Amino acid sequence: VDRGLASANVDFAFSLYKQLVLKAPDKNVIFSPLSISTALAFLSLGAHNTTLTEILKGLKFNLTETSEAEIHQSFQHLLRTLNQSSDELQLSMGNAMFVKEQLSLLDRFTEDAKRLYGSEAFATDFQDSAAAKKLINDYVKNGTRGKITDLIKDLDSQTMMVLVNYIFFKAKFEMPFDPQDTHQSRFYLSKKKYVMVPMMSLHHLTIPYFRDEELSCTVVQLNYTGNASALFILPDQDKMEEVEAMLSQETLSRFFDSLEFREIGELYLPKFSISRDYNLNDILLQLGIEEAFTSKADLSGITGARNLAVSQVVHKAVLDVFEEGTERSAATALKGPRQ
Amino acid sequence: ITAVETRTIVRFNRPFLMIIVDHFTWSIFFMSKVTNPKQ
């Protein structure tokens with residue numbers, strides 16, 4: 001069942017990626033698949049019937065092969081590894097529910113949320129919209145160490161509940177770039193245009209490397225302290241579409257299996273900080289999560305009644321790359337008004 | 001300064017992908033396409 005779970009995870013991430021690129025070709029794409037699927041999985045604890053099976057199938061799980069307990073046990077076990085600080089490597093993740101003041105929730109939902117997702121629970125006065133926004137935004141700001149401050153832009157006075165996930169990552173490169181080797185260089189957006197960026201560089205270093213002649217791309221892994229790493233994929237100019245057409249678990253596995261320690265004469269990587277924020281309603285609908293967004297929503301495992309739907313799924317992610325290492329943060333909010 | 005003949009240069013001066021994969025679960029913690037580091 002672990003391999004079925006693994007296949008679902010990659011499929012969800014790449015299905016999501018393809019929809020994001022379709023909506024905004026040539027724009028930066030920055031997101032955390034796990035932040036999104038964790039929030040949706042947390043929500044599904046309170047979902048029933050079609051609403052529930054749509055959520056879990058939309059996350060690409062196959063319910064004929066993996067049970068709901070096995071899915072939630074997968075999130076539980078993973079989430080238990082995402083709060084550690086060691087050797088300049090920081091990983092943090094939090095889940096929380098912000099619940100309308102005086103609104104009562106079913107014991108099984110609050111128990112399950114705690115046991116499987118480590119969820120925290122805040123009472124919230126959604127009639128004071130400014131203060132409720134500051135509450136939720138402050139929770140995410142604290143969790144992401146100041147990197148994500150405005151997850152919630154708008155909040156409806158009729159909101160019954162907001163479910164929130166955040167993930168925070170910060171590491172030092174195993175072999176850091178020396179800033180004396182960073183220089184202003186061109187970054188080619190395309191054939192018609194370039195932009196000046198601070199280009200970091202490392203000279204005469206051995207790293208995991210694979211040249212894929214069939215996809216016209218170069219794959220390297222840069223290592224962080226604390227046994228973390230990042231896979232970087234560099235398509236040849238105007239071959240991004242070819243790589244994107246081949247994104248799959250099979251391709252990803254082929255990349256990792258093909259990596260070799262290779263001595264590299266020079267490595268150039270930009271120093272940069274970018275962010276994106278998303279309303280994921282349309283894309284989640286495309287992926288098949290439909291009933292939860294409508295009057296047909298059966299979230300009665302939460303409140304005991306069918307008086308709750310999802311109005312908005314928002315996501316923000318931030319990527320910071322610099323000589324010493326990298327910082328990545330993301331957060332997901334599911335807003336749920338009364339119905 | 002000095003001149004050297006080298007086999008391999010890796011130069012991220014054009015759009016690229018970064019993918020953060022969990023070993024055990026294959027969960028994708030994070031994924032990005034950088035088409036413009038300045039935006």
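So that the names make sense, note that chain A is the first sequence line, chain B the second, and so on, each numbered from 1. Below, each value reflects all heavy atoms present in this structure, side chains not excepted, and no hydrogens, waters or symmetry copies.
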| request: Mind telling me whether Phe109(A) and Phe42(A) have parallel, tilted or perpendicular rings, with 30° and 60° as the class edges? | output: parallel

| task | For the pair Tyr224(A) and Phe173(A), name the ring-plane relationship: parallel under 30°, tilted 30 to 60°, perpendicular over 60°. | result | parallel

Would you say [atom1] of [X] has more than 12 non-hydrogen atoms from neighbouring residues, nucleotides or ligands within 6.0 angstrom?
X         : atom1 : value
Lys153(A) : NZ    : yes
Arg115(A) : CZ    : yes
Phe24(B)  : CZ    : no
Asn227(A) : CG    : no
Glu324(A) : CD    : yes
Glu241(A) : CD    : no
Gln76(A)  : CD    : yes
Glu214(A) : CD    : no

With a 3.5 Å cut-off and no angle check, do the side chains of [X] and [Y] form a donor-acceptor pair?
X         : Y         : answer
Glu263(A) : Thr206(A) : yes
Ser32(B)  : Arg328(A) : no
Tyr209(A) : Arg262(A) : no
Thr182(A) : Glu323(A) : yes
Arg211(A) : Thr218(A) : yes

Euclidean distance, [Y] [atom2] relative to [X] [atom1], rounded to 0.5 Å:
X         : Y         : atom1 : atom2 : value
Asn62(A)  : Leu56(A)  : CG    : CG    : 11.0 Å
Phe177(A) : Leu202(A) : CZ    : CG    : 4.5 Å
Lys33(B)  : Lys27(A)  : NZ    : NZ    : 11.5 Å
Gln339(A) : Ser311(A) : CD    : OG    : 11.0 Å
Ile283(A) : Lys23(A)  : CD1   : NZ    : 4.0 Å
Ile148(A) : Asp277(A) : CD1   : CG    : 9.5 Å

Considering only heavy atoms from C-beta outward, does the side chain of [X] approach that of [Y] to under 4.5 Å?
X         : Y         : answer
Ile28(B)  : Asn9(A)   : no
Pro198(A) : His183(A) : no
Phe14(A)  : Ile19(B)  : yes
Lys239(A) : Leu215(A) : no
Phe256(A) : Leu231(A) : yes
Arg145(A) : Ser329(A) : no
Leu17(B)  : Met240(A) : yes
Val29(A)  : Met31(B)  : no

Ignoring hydrogens and angles, write down the donor-acceptor pairs under 3.5 Å from the side chains of residues 94-106 of chain A, residues two or more places apart or on other chains.
from: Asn95(A); atom 1: OD1; to: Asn165(A); atom 2: ND2; distance (Å): 2.8
from: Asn95(A); atom 1: ND2; to: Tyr117(A); atom 2: O; distance (Å): 2.9

Are any of the side-chain nitrogens in [X] or [Y] under 4.0 Å away from the carboxylate oxygens of its partner?
X         : Y         : result
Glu327(A) : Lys170(A) : yes
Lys191(A) : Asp238(A) : yes
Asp320(A) : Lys147(A) : no
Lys18(A)  : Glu244(A) : no

Does [X] use its side chain to pair, donor to acceptor, with the backbone of [Y] at less than 3.5 Å?
X         : Y         : answer
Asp87(A)  : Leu89(A)  : no
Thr38(A)  : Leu34(A)  : yes
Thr110(A) : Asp107(A) : yes
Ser7(A)   : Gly4(A)   : no
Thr8(B)   : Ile264(A) : no
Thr251(A) : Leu247(A) : no
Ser44(A)  : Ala41(A)  : yes
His315(A) : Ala331(A) : yes
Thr303(A) : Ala305(A) : yes
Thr53(A)  : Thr50(A)  : yes

| field | Residues that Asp11(A) engages under salt bridge (charged side-chain N to carboxylate O under 4.0 Å, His left out), provided they are two or more places apart | value | none

| request: Sequence neighbours left out, what passes salt bridge (charged side-chain N to carboxylate O under 4.0 Å, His left out) with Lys192(A)? Give chain and number order. | output: none

Taking all non-hydrogen atoms of both residues into account, name the closest pair between [X] and [Y] and its distance.
X         : Y         : value
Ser229(A) : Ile20(B)  : O-CD1, 3.9 Å
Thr81(A)  : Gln84(A)  : O-NE2, 2.7 Å
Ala47(A)  : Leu299(A) : CB-CD2, 3.9 Å
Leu285(A) : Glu290(A) : CD2-CA, 3.6 Å
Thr35(B)  : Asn28(A)  : N-OD1, 2.8 Å
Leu155(A) : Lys133(A) : CD2-N, 3.8 Å

| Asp150(A) vs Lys316(A), salt bridge (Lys or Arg N to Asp or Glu O under 4.0 Å): CA-CA, chis, key distance, verdict | CA-CA 9 Å; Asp150(A) 58 344; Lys316(A) 175 155 178 156; 2.9 Å; yes

| request: Determine, for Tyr268(A) and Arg11(B), whether the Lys NZ or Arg CZ falls below 6.0 Å from the six-membered ring centre while staying within 45 degrees of the axis. | output: yes

| message | Go through it in stages, so that I can follow the logic: the residues are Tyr278(A) and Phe31(A), the test is ring pair (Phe, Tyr, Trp, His ring centres under 6.0 Å), and I'd like the CA-CA distance, side-chain angles, deciding distance and then a yes or no. | response | CA-CA 9 Å; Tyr278(A) 301 96; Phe31(A) 73 121; 7.2 Å; no

| request: For residues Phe169(A) and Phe29(B), establish whether the separation of their ring centroids is below 6.0 Å. | output: no

| said: I'd like to know if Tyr17(A) and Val219(A) are part of one continuous hydrophobic network [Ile/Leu/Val/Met/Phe/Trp/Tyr, side-chain heavy atoms within less than 4.5 Å]. | reply: yes

